[PDB]
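Coming up is one lone chain in structure tokens, specifically the form deposited in one PDB entry.
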């Protein structure tokens, strides 16, 4: 037979120096890692949205129970968990009337409707952030259900609800930006055509476009649908709720509270077993569909040390995508610039260069890119490149019982390639984190020298640093889980030049 090694469950540190395995238990018993004075919440949306938000806050100030307290522990209340007040009083509210929404919601062009609505919300948020004496820690956007339903890339407005026709087709707009040279005094009709073509520069995703347009202003934002908070009030034709959340009310309260606390400036938890001087980098790639060159892509890197509070660096845009292989690679100069920025940021934060640097990516590294990375790594620093992929399926079925393989079991093929099970049964929750039979992630050390068991432990630990959702563990390490989301936000607009370094603006 082939032997399986076991990787112990990574413990996470909390307040008073206490360690636990479940973020919910640690938060409930000891509280977050650091305390904040309070949360000054700002709300932009309809009046019904403000009432729903206030009701949700008043509800989460008091405990919420779940049917099964083992897998989904209860919510002891915001003040009893985080130790900071989140009051529903004194909220900076910027109303968006239903007439304003209806003015832009009934446009046939998805891009134009999304751009107009996102412009309304973003202008309200920016004006409040600039002209108000009261500073807002986190801005909460209560998006009505109609906006969420009709402002997605694949959403089509029914022909009965179309009030304003589209002045330009998608292909004609894609063939405007690159052939601007409008070069003429234009009738108002052509100026409206120009404006819609410019709206085509932005993705049709409401959330991603709002995040991209609010990045440059360093304004934290949390986007919540109306039915996420008041799902009982949103009923279908049969009388039953559209989305039944009666079994995850405690989990939803946990997730929203943790996200709001993290975005307000506080760090909930961090890794309990920290290796000093270790820096993880996540190489992230996203294709720019609006580029003249189909090979163009946007490259991003994310740096995490011991907590989820990370640093995001945006690389230059150039021909990184290789259509023959389906792999992304940076040219030497851009790779050197990205790694130099990351290492200098680490040196600024921690007063000394890291002892070990791990770069996690979804594709193998070539020799040119790796030599570029090594040319900027100090002589006293170890640089390792690791690829984590889900495309190599090794399914293990337990012989006895219906429950899957326990989380943490690993299979070491050789000194550089190994299988790790970040999904499976969890003894603490007495249940499984993934349906069917969990898929292991394939961990391969392509470049550099590093012990495989240490890399497995580090990746399992990094699985625990998801501050957007207060779940026990994720399927992927934090260095790569938010690759898709961060890439989409960065590519949602072509006007982003110097995005902020802090991670709280990207989720």
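For the two forms, the rigid core is made up of the largest set of C-alpha atoms that agree within 1.5 Å on superposition. Positions refer to the first chain, counted from 1.
What comes next is about the form deposited in another entry, which is not displayed.
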| item | value |
| --- | --- |
| Position with Cα shift of 2 Å or more, rigid core superposed between the shown form and the other one, options 121, 82, 321, 421 | 321 |
| Threshold 2 Å Cα movement between the shown form and the other one at residue 267, rigid core reference | no |
| Cα displacement of residue 108 between the shown form and the other one reaching 2 Å, rigid core superposed | yes |
| Shift of residue 362 between the shown form and the other one at or above 2 Å (CA, core fit) | no |
| Note on residue 442-residue 287 C-alpha separation in the other form, which departs from the shown form by 3 angstroms or more | closer |
| Sense of the change in Cα distance from residue 443 to residue 288 in the other form - at least 3 Å versus the shown form | closer |
